[PDB]
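Before any questions on how it binds or moves, here is one chain, the form deposited in one PDB entry, in C-alpha cells.
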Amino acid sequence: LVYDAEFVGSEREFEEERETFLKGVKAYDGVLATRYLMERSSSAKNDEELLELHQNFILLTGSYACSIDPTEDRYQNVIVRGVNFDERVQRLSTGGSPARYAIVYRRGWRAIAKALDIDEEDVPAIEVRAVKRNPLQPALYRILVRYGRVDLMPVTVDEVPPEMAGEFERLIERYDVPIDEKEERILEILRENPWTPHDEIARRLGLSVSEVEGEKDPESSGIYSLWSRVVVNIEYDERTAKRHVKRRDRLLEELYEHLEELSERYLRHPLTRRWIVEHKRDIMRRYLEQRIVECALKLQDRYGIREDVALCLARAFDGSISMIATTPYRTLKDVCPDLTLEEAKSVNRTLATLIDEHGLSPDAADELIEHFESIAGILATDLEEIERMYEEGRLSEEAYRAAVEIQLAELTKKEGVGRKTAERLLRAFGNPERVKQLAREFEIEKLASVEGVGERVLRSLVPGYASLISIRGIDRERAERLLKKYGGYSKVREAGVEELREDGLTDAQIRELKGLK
C-alpha cells in the first residue's frame, strides 16, 4: 500500500519542517513509553503523576503536529494507503494542509516522514488519535491538528481550559455555532462522557462511525464538522502561538527528565531516549495491543466477520473500526485476501449502500470510497466538483450518477423540494450540507433567491420559520430578523415582552407567539 509525499518548499522551509517532525517524534515516543510504564505495574497504573506526564506528552505531540506545514503549501502528492490526500482536502470548503490532514489518520506519518527524508529505520511515528487518556475532548484535539492550531493547543496539562475538555460545550456556546439534529443526539452522549469512543456513540444512536464523525469541514454533519465549525470561527492568535512554540522545547526536555526519574519506580534500568530507540517496536505493539483485541472481538461479534479475518483486519488498521469502515473493498482485500465481499459490506456501510441501494459494482463503489471516503464525504463535496471529476475522466459514469442521486435525495427528501429546485440549490450553494448550514443560520432571503424556493421549501428547510411565519402579520423579512436576533424559535418565544415590542410585534402577536389567551 502506498504512503508517499514530496517536499515542495524552500531549503529553509525544509529544515524547519524536519526539526518540527523530529520534535513530534520525540514527544510521541514519550506517549508510548509512559503507556508502556502504565501497563508495567499496577501501582503504576493508578499513579496520577504518571498519567499527567503521559497527558503532557500527548499535548506536546499535538502542539508539534499543529506546526506542520504552517503555510499549507509545503507538501504535494500526499498519498496514504493509495489515497490522494491533496484532492481530499482541496475539495473541502476550507481546504487546508494535506500533510496535517494525513497526520490525523493512523499511519499518516509515513507519507510525511518520506517527504522529509526521515529514515524508516528510525520509526519516526507521530500519532494524534488518543481517546481515553486525552486531556482534551478527543475530536477537538484532532480538529486543532487538522487546522494547524498552535495557538489553541495547550502546552501543559495545568493549562488545559475546562471549555476544551469536561466543559467542552462552553466552547461551542461561546462562538454561537448552530448544531444539527444528529449532532444534538451526539452531544447528549458527549456531555455525559466527553471521552466516549466514536464507535460506542454510533452503537447507541444506531448510526455508523462516519455518520457520527462527518468530514473535518464546517460543511458536513457530525462531531468533526461541528468542531470544525467552532474552530474556524475562533480568530488565530499569533502571539499565543509564538509563546507556545517558544516554551515547548524546554517543556519536552523536562518531561523526559521526569520520565526517567518516575521510571526508577517501575523498572530496573532507567528509561531514557536510548531505551526508547532500542525498544521502540515493542512499546508501539504494547500501545496498540488492547485496541487490536477489542476491534477483533467487535468485528466478529458485531459484524459477523470470520475470526481469522477479524484479527487480520484489526492488525492491518491498528484496531481502528472507523478506518476499516471507510476503506475501499480493494484496499481491504489487498491486506486481507481471505475477506469476502459480504464481510466487507457488513462493516463498510457506505459500500453496502452504494452496491445494494445504487447498483454499483464493488469497483465503482470503491471509486467513490477512494475519492470521498463515505456517504458523508459525498454529501460534503460540491456537486460541481464531482461533475468536474467525471468530466476530467477520473470518475466513471456509473459512480458520478450515484453521487448526484445521493446529493439530490438529501434535498428532495424535504416537502416541497422537487428535483429541479434541488439541482438549483446545489448549483447555487455547492452541496446539501451547505444548504442545511444556510437553513440553520436562518438565511431565508438568500435561500429564497433560488428559483423554486417559495414558502413551502422554506417551511420544510428552515427550523422555527414555519412556526413564526404562521403568526399573522409577521412576514418573511421579520421572521428572519427575529430568528437571527434571538438564535431560533424557542428563543424568540421566550423573549421578554418589552424587547419583543421594540422588534415591532403587537401584543396580539406576542400573545400568540407565547401561546397565551
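Note that residue numbering follows the sequence shown and begins at 1. The term rigid core refers to the most C-alpha atoms you can superpose between the two forms while keeping them within 1.5 Å.
This next part talks about the form deposited in another entry, which is not shown.
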Quick one: lay the two forms over each other on the core and tell me which of 173, 253, 188, 122 moves its CA by at least 2 angstroms between this form and the one not shown. 122
Note yes or no: does the Cα of residue 289 move by 2 Å or more between this form and the one not shown after the core is superposed? yes
Please determine whether the C-alpha atom of residue 503 is displaced by 2 Å or more between this form and the one not shown following superposition on the rigid core. yes
Using the rigid core as the reference frame, would you say residue 15 shifts its C-alpha by 2 Å or more between this form and the one not shown? no
Sense of the change in Cα distance from residue 107 to residue 120 in the other form - at least 3 Å versus the shown form: farther
Cα separation of residue 332 and residue 121 in the other form versus here, shift of 3 Å or more: farther
